[PDB]
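Consider the single chain below, provided in C-alpha coordinates and representing the form deposited in one PDB entry.
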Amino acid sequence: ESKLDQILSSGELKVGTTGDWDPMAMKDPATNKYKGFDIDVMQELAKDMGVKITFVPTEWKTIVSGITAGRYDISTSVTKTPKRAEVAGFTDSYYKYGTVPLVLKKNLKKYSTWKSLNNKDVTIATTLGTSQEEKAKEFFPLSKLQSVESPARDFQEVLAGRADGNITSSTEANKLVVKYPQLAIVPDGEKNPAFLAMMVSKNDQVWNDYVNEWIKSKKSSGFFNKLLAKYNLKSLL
(Lines give C-alpha, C1' and ligand atoms only; values in the text may rest on other atoms or scores of the structure.)
Protein backbone atom coordinates (compact mmCIF):
# COMPACT_ATOMS: atom_id res chain seq x y z
CA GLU A 1 0.00 0.00 0.00
CA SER A 2 2.91 2.33 -1.00
CA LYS A 3 1.47 5.33 -2.85
CA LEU A 4 2.91 3.78 -5.96
CA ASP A 5 0.86 0.63 -5.33
CA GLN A 6 -2.19 2.70 -4.55
CA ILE A 7 -1.99 4.52 -7.89
CA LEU A 8 -1.42 1.31 -9.73
CA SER A 9 -4.13 -0.57 -7.87
CA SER A 10 -6.76 2.11 -8.25
CA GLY A 11 -5.95 2.83 -11.94
CA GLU A 12 -5.79 6.55 -11.06
CA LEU A 13 -3.10 9.22 -10.75
CA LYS A 14 -4.08 12.52 -9.11
CA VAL A 15 -2.20 15.47 -10.48
CA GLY A 16 -2.21 18.88 -8.86
CA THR A 17 -1.88 21.79 -11.25
CA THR A 18 -2.56 25.47 -11.40
CA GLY A 19 -3.54 25.36 -15.11
CA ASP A 20 -2.41 28.97 -15.56
CA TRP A 21 1.16 28.77 -16.83
CA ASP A 22 1.96 29.02 -20.47
CA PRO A 23 3.48 26.71 -21.70
CA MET A 24 3.82 24.33 -18.76
CA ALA A 25 0.20 23.70 -17.72
CA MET A 26 -2.76 25.52 -19.10
CA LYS A 27 -6.42 24.73 -18.65
CA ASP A 28 -8.15 25.73 -21.87
CA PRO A 29 -10.97 28.08 -20.79
CA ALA A 30 -13.34 26.76 -23.48
CA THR A 31 -12.75 22.99 -23.76
CA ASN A 32 -11.75 22.58 -20.12
CA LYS A 33 -8.86 20.43 -21.29
CA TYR A 34 -5.30 20.75 -20.07
CA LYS A 35 -2.35 21.24 -22.30
CA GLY A 36 1.29 22.03 -22.00
CA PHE A 37 4.69 20.61 -21.14
CA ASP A 38 3.71 19.27 -17.79
CA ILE A 39 0.49 17.92 -19.06
CA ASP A 40 2.44 16.00 -21.70
CA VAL A 41 4.79 14.67 -19.03
CA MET A 42 1.91 13.54 -16.87
CA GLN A 43 -0.03 11.96 -19.74
CA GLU A 44 3.15 10.00 -20.63
CA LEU A 45 3.64 8.87 -17.08
CA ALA A 46 0.02 7.81 -16.72
CA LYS A 47 0.21 5.99 -20.05
CA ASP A 48 3.31 4.13 -18.99
CA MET A 49 1.72 3.22 -15.64
CA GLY A 50 -1.56 2.20 -17.27
CA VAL A 51 -3.60 4.64 -15.22
CA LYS A 52 -6.02 7.48 -15.81
CA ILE A 53 -5.33 11.06 -14.61
CA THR A 54 -7.58 13.07 -12.32
CA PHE A 55 -6.46 16.68 -12.47
CA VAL A 56 -6.87 18.45 -9.21
CA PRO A 57 -6.92 22.24 -9.45
CA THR A 58 -4.76 24.20 -7.19
CA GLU A 59 -3.37 27.73 -7.11
CA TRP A 60 0.18 28.92 -6.69
CA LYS A 61 -0.32 29.85 -3.16
CA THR A 62 -1.63 26.41 -2.32
CA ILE A 63 0.16 24.03 -4.64
CA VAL A 64 2.73 23.02 -1.95
CA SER A 65 0.15 22.56 0.74
CA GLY A 66 -1.91 20.41 -1.55
CA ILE A 67 1.01 17.94 -1.73
CA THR A 68 1.55 17.99 1.96
CA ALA A 69 -2.13 17.45 2.65
CA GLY A 70 -2.46 14.69 0.10
CA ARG A 71 -4.90 16.34 -2.21
CA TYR A 72 -3.02 14.86 -5.18
CA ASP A 73 -0.24 12.33 -5.74
CA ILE A 74 2.11 14.58 -7.72
CA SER A 75 2.24 18.24 -8.73
CA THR A 76 3.11 19.69 -12.13
CA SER A 77 6.33 21.68 -12.32
CA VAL A 78 7.29 24.07 -9.56
CA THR A 79 10.59 25.61 -8.56
CA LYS A 80 12.57 23.41 -6.26
CA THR A 81 13.59 25.39 -3.13
CA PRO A 82 15.05 24.48 0.17
CA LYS A 83 12.04 25.59 2.18
CA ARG A 84 9.75 23.53 -0.06
CA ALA A 85 12.02 20.54 0.23
CA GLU A 86 11.51 20.65 4.03
CA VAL A 87 7.92 19.79 3.59
CA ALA A 88 7.50 18.19 0.15
CA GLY A 89 9.35 15.61 -1.83
CA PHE A 90 10.72 16.53 -5.24
CA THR A 91 11.42 14.47 -8.33
CA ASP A 92 14.56 14.81 -10.35
CA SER A 93 14.55 18.04 -12.39
CA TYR A 94 14.08 18.12 -16.11
CA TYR A 95 14.44 21.91 -16.73
CA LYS A 96 16.93 24.42 -15.41
CA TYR A 97 16.54 28.13 -15.68
CA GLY A 98 18.08 31.23 -14.20
CA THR A 99 17.86 35.01 -14.11
CA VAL A 100 19.04 36.91 -17.16
CA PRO A 101 19.10 40.49 -18.36
CA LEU A 102 17.12 41.90 -21.30
CA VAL A 103 18.16 44.94 -23.24
CA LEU A 104 17.18 46.40 -26.64
CA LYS A 105 19.19 44.82 -29.45
CA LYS A 106 20.54 48.19 -30.36
CA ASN A 107 22.17 48.22 -26.98
CA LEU A 108 23.45 44.70 -26.84
CA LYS A 109 27.06 45.39 -27.60
CA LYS A 110 27.07 48.29 -25.08
CA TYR A 111 25.43 46.18 -22.43
CA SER A 112 27.12 42.86 -23.16
CA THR A 113 27.74 41.90 -19.55
CA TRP A 114 26.16 41.90 -16.11
CA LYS A 115 28.93 44.26 -15.03
CA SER A 116 28.07 46.72 -17.82
CA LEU A 117 24.59 47.02 -16.32
CA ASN A 118 25.77 47.92 -12.82
CA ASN A 119 26.55 51.55 -13.36
CA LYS A 120 25.19 54.92 -12.32
CA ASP A 121 24.78 55.65 -16.03
CA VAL A 122 22.41 52.66 -16.40
CA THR A 123 18.77 52.47 -15.53
CA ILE A 124 17.36 49.09 -14.57
CA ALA A 125 13.63 48.58 -14.63
CA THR A 126 11.97 46.57 -11.94
CA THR A 127 8.51 46.00 -10.56
CA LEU A 128 7.99 47.69 -7.20
CA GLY A 129 8.00 45.46 -4.16
CA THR A 130 8.78 42.16 -5.92
CA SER A 131 11.49 39.66 -5.10
CA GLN A 132 12.78 40.32 -8.62
CA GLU A 133 13.35 43.94 -7.67
CA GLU A 134 15.36 42.93 -4.63
CA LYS A 135 17.44 40.83 -6.88
CA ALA A 136 18.01 43.81 -9.18
CA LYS A 137 19.28 45.82 -6.28
CA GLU A 138 21.68 42.94 -5.48
CA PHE A 139 22.96 42.61 -9.04
CA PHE A 140 23.02 46.32 -9.94
CA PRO A 141 23.68 48.18 -6.80
CA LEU A 142 25.12 51.20 -8.63
CA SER A 143 22.36 51.56 -11.17
CA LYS A 144 19.39 53.72 -11.14
CA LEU A 145 16.16 51.81 -10.66
CA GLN A 146 13.08 52.52 -12.73
CA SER A 147 10.66 50.83 -10.35
CA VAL A 148 7.21 50.56 -11.84
CA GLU A 149 4.09 49.73 -10.16
CA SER A 150 2.30 46.55 -11.00
CA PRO A 151 0.73 45.78 -13.33
CA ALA A 152 3.19 47.95 -15.39
CA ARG A 153 5.89 45.57 -16.53
CA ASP A 154 9.66 46.12 -16.23
CA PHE A 155 10.36 45.03 -19.75
CA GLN A 156 8.04 47.66 -21.20
CA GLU A 157 10.27 50.27 -19.78
CA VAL A 158 13.11 48.80 -21.71
CA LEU A 159 11.03 48.68 -24.87
CA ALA A 160 10.09 52.34 -24.33
CA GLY A 161 13.59 53.56 -23.67
CA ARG A 162 12.80 54.54 -20.02
CA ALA A 163 15.32 51.97 -18.84
CA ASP A 164 18.39 50.25 -20.34
CA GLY A 165 17.61 46.74 -19.11
CA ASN A 166 15.60 44.53 -16.88
CA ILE A 167 15.95 41.08 -15.40
CA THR A 168 13.68 38.11 -15.53
CA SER A 169 13.77 34.33 -15.67
CA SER A 170 15.42 32.77 -18.74
CA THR A 171 12.08 31.08 -19.28
CA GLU A 172 10.23 34.31 -19.54
CA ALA A 173 13.01 36.00 -21.43
CA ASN A 174 12.96 33.30 -24.07
CA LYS A 175 9.23 34.06 -24.58
CA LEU A 176 9.78 37.79 -24.53
CA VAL A 177 12.45 37.95 -27.26
CA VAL A 178 9.95 36.12 -29.61
CA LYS A 179 7.13 38.51 -28.70
CA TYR A 180 9.29 41.55 -28.82
CA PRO A 181 12.11 40.87 -31.27
CA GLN A 182 13.70 44.23 -30.48
CA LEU A 183 14.76 42.60 -27.16
CA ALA A 184 17.81 40.48 -26.53
CA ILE A 185 19.17 38.44 -23.70
CA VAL A 186 22.59 39.71 -22.51
CA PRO A 187 24.89 36.76 -23.29
CA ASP A 188 26.87 36.78 -20.05
CA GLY A 189 25.46 33.83 -18.25
CA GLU A 190 22.63 33.35 -15.81
CA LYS A 191 22.37 34.11 -12.18
CA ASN A 192 20.65 32.19 -9.40
CA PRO A 193 20.20 28.91 -11.25
CA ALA A 194 17.04 27.12 -10.36
CA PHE A 195 15.29 23.89 -11.18
CA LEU A 196 11.74 22.84 -12.08
CA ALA A 197 10.57 19.55 -10.72
CA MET A 198 7.44 17.76 -9.64
CA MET A 199 6.42 17.53 -6.02
CA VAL A 200 5.35 14.37 -4.24
CA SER A 201 4.65 13.75 -0.52
CA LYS A 202 7.68 13.40 1.67
CA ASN A 203 5.95 10.27 2.96
CA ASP A 204 5.69 8.72 -0.51
CA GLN A 205 9.32 7.81 -0.96
CA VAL A 206 8.90 4.72 -3.20
CA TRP A 207 6.63 6.70 -5.49
CA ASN A 208 9.28 9.45 -5.51
CA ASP A 209 11.89 6.88 -6.45
CA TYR A 210 9.62 5.45 -9.16
CA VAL A 211 9.11 8.79 -10.77
CA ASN A 212 12.83 9.58 -10.56
CA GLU A 213 13.63 6.39 -12.45
CA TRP A 214 10.97 7.14 -14.98
CA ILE A 215 12.38 10.60 -15.57
CA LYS A 216 15.86 9.22 -16.04
CA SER A 217 14.49 6.76 -18.59
CA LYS A 218 12.67 9.57 -20.41
CA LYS A 219 15.81 11.72 -20.49
CA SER A 220 17.69 8.82 -22.07
CA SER A 221 14.97 8.03 -24.61
CA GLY A 222 14.87 11.64 -25.77
CA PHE A 223 11.32 12.20 -24.58
CA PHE A 224 12.20 15.33 -22.59
CA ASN A 225 14.32 16.71 -25.46
CA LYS A 226 11.25 16.30 -27.65
CA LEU A 227 9.01 18.06 -25.26
CA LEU A 228 11.43 20.87 -24.60
CA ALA A 229 11.63 21.57 -28.22
CA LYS A 230 7.88 21.33 -28.70
CA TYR A 231 7.42 24.22 -26.26
CA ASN A 232 10.48 26.22 -27.27
CA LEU A 233 11.88 25.68 -23.81
CA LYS A 234 15.69 26.13 -23.53
CA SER A 235 16.90 24.48 -20.38
CA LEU A 236 20.20 25.71 -19.08
CA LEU A 237 22.86 23.11 -18.78
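Basically, rigid core = biggest C-alpha set you can superpose within 1.5 Å across the two forms. Note that residue numbering begins at 1 and tracks the sequence as displayed.
- Once the C-alpha B-factors are averaged per stretch, 151-159 and 103-111 rank with 151-159 first.
- As listed in the deposited structure, the average C-alpha B-factor of 22-30 and of 178-186 is greater for 22-30.
- Taking the PDB entry at face value, the top CA B factor among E172, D48, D209, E59 belongs to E59.
- Comparing the C-alpha B-factors of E134, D92, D121, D73 in the entry, the top value falls on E134.
- Per-chain ranking of the deposited C-alpha B factor places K226 in the highest third.
- Ranked against the other modelled residues of its chain, the C-alpha B-factor of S65 as given in the entry falls in the middle third.
- Among all modelled residues in this chain, the alpha-carbon of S143 has a temperature factor (C-alpha) in the lowest third.
- Split the chain's modelled residues into thirds by C-alpha temperature factor. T127 is in the highest one.
- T17 sits in the lowest third of its chain by CA B factor, as recorded in the PDB entry.
Here the subject shifts to the form solved in complex with a small molecule, a form of this protein not shown in this document.
- At the 4.5 Å threshold, heavy atoms of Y180 stay clear of the small molecule in the entry with it bound, well away from it.
- Contact check for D20: a non-hydrogen atom falls within 4.5 Å of the small molecule in the entry with it bound.
- Though the partner is left out of this view, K96 does not reach within 4.5 Å of the small molecule in the entry with it bound, counting heavy atoms only.
- For the chain shown alone, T79 is a contact residue for the small molecule in the entry with it bound, at least one non-hydrogen atom being within 4.5 angstroms.
- Comment: 71-79 is the region of 135-143, 71-79, 154-162, 115-123 lying near the small molecule in the entry with it bound, near meaning a non-hydrogen atom within 4.5 Å.
- In a rigid-core overlay of the protein, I63 has its C-alpha displaced by at least 2 Å between this form and the one not shown.
- After superposition on the rigid core, the Cα atom of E12 is displaced by less than 2 Å between this form and the one not shown.
- Core-superposed comparison between this form and the one not shown: the Cα of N203 travels 2 Å or more.
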